[PDB]
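As structure tokens, the structure follows; a few thoughts come after it.
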Amino acid sequence: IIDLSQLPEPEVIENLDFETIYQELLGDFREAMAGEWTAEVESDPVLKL
Amino acid sequence: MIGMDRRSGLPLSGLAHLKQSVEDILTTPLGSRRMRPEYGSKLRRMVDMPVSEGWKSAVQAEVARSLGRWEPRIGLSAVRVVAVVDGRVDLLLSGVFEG
Amino acid sequence: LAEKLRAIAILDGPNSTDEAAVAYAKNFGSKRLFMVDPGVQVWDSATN
Amino acid sequence: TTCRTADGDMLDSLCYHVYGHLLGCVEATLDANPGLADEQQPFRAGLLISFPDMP
């Protein structure tokens, strides 16, 4: 009888940090907007979204 | 009020924000928005209704309704049916500018 | 082909100098030809 | 009160015609439906949603 609730936590889904989630979304966004991306498109309201 | 442009993401406040809200409202139907089934217009349901004098009483109401609900910064002047060409109904919508 | 369809055949000249762009457009003379000479540089998603 | 969807029907559109409002009426539908959320938001042609009473 050994308590299993005293171990390091198991991750069932991977727990990425805030930065590699952001660039993973940007890559998908560029593919969707392919042929339409412009410097003006990456505006301040769009980035804060 | 400061909003973002629909295409290109640019922050515009007065001129095109008042235009991207009105011109969207006339072609956005009801129930297309998520959890907001009362936003939009009945103008997509006014297609293929017979063009009568009671039909213009509905479109001049639904322009005054759907913009009167969700766009208080626009004062509607006149919705005059000016031409019936080939079934196409030309409705002139001259709006005032605010801000 | 543009007269058979009553279309406007949009051409594009070479990306060479303007002496070669005028000397290419001096062959056509027809009203259904629209020539856009300088080649567009566009960002690619494949070659990045 | 189980109803059958169509292949393009969506959840918030359906229970607005049934109930009349959407405050606390969509997630209660996802609560009292086994595996409805697992199914994609554009519903298939013949899924069964049981709409509960007293929203």
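Counting neighbours? That spans all protein chains shown, and the Cβs are built from the backbone with ideal geometry, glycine included. Taken together, the values in this text are just the output of simple stated rules run on the coordinates, not laboratory data.
Can you tell me the FRET efficiency between B:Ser32 and B:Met1 if r is taken as the Cβ-Cβ distance and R0 is 22 Å, rounded to the nearest 0.05?
FRET efficiency, B:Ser32 to B:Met1: 0.40.
For a quick check: with amide H placed at 1.01 Å from N, whose amide H comes under 5 Å from B:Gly31's, ignoring anything fewer than 5 positions away on the same chain?
The list, which skips near neighbours in sequence, is B:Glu38, B:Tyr39.
Pull out a ≥ b ≥ c, the square roots of the eigenvalues of the alpha-carbon gyration tensor of chain C, then state rounded if a/c is under 1.5, prolate if not and a/b is larger than b/c, and oblate in the remaining case.
oblate
Can you tell me what the convex hull of the Cα atoms of chain B projects to on average, as an area in nm²?
Computed as one quarter of the Cα hull surface, the answer is 7.3 nm².
What ranking of B:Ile74, A:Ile1, C:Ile8, A:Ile13 emerges when the number of other C-beta atoms within 10 Å of each C-beta is taken as an exposure proxy, fewest first?
Lowest count first: A:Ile1, A:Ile13, C:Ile8, B:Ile74.
For chain A, what value does the Rg/Rh ratio take when both radii are computed over Cα atoms and Rh is the Kirkwood radius, given to two decimals? Intermediate results must be reported in sequence, preceding the final value.
Details: Rg = 19.1 Å, Rh = 14.3 Å.
Rg divided by Rh gives 1.33.
How far apart, in nm, are the 7 Å Cα→Cβ label points at A:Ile21 and D:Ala45?
Those two pseudo-labels are separated by 3.9 nm.
Give me D for chain D in µm² s⁻¹, whole number, from Stokes-Einstein with Rh from the Kirkwood sum over alpha-carbon pairs, 37 °C and 0.692 mPa s.
So the translational diffusion coefficient is about 293 µm²/s.
In what order do B:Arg7, B:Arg80 fall by count of nearby beta-carbon atoms within 10 Å, going from fewest to most?
B:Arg7, B:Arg80
Mind scanning C:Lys4/C:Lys26; B:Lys19/B:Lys56; A:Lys48/B:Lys42 and naming the pairs with a C-alpha gap bigger than 30 Å?
Values: C:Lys4/C:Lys26 22 Å; B:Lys19/B:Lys56 23 Å; A:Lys48/B:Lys42 34 Å.
Check vs 30 Å cut-off fails for A:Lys48/B:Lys42.
Taking other Cβ within 10 Å of each residue's Cβ, how do D:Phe43, A:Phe29, C:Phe34 sort, fewest first?
Placing the least packed residue first, the sequence is C:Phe34, A:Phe29, D:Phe43.
Return the calculated 222 nm mean residue ellipticity for the protein assembly as shown, to the nearest 500 deg cm²/dmol, obtained by summing -39500 (n - 2.57) across DSSP H runs with n ≥ 4 and dividing by the residue count. Intermediate values should be presented prior to the final figure.
Numbers: 7 runs with 71 residues, N = 251.
Result for the protein assembly as shown, helices only: -8500 deg cm²/dmol.
Mind listing the Cα extents of the protein assembly as shown along all three principal axes, in Å, largest one first?
92, 68, 45
Give me the Debye-computed log₁₀ of I(q)/I(0) at q = 0.17, 0.18, 0.27 Å⁻¹ for the range B:15-73, equal point scatterers on Cα only, no solvent, two decimals.
Those come out to -0.58, -0.64, -1.14, one per q.
HN-Hα J couplings of the range D:21-38 from phi, Karplus 6.51/-1.76/1.60, θ = phi - 60°, integer Hz, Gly and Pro as x?
For the range D:21-38, the Karplus-derived couplings read 8, 10, 7, x, 10, 9, 6, 6, 6, 5, 6, 8, 8, x, x, 6, 5, 4 Hz, x marking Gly and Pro.
Kirkwood hydrodynamic radius (Cα pairs, Å) of the range B:43-99?
Here the Kirkwood hydrodynamic radius works out to 12.4 Å.
Residue separation times 0.36 nm, minus the C-alpha to C-alpha distance between B:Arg80 and B:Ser8: what's the value?
The B:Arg80-B:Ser8 span can extend by a further 22.6 nm.
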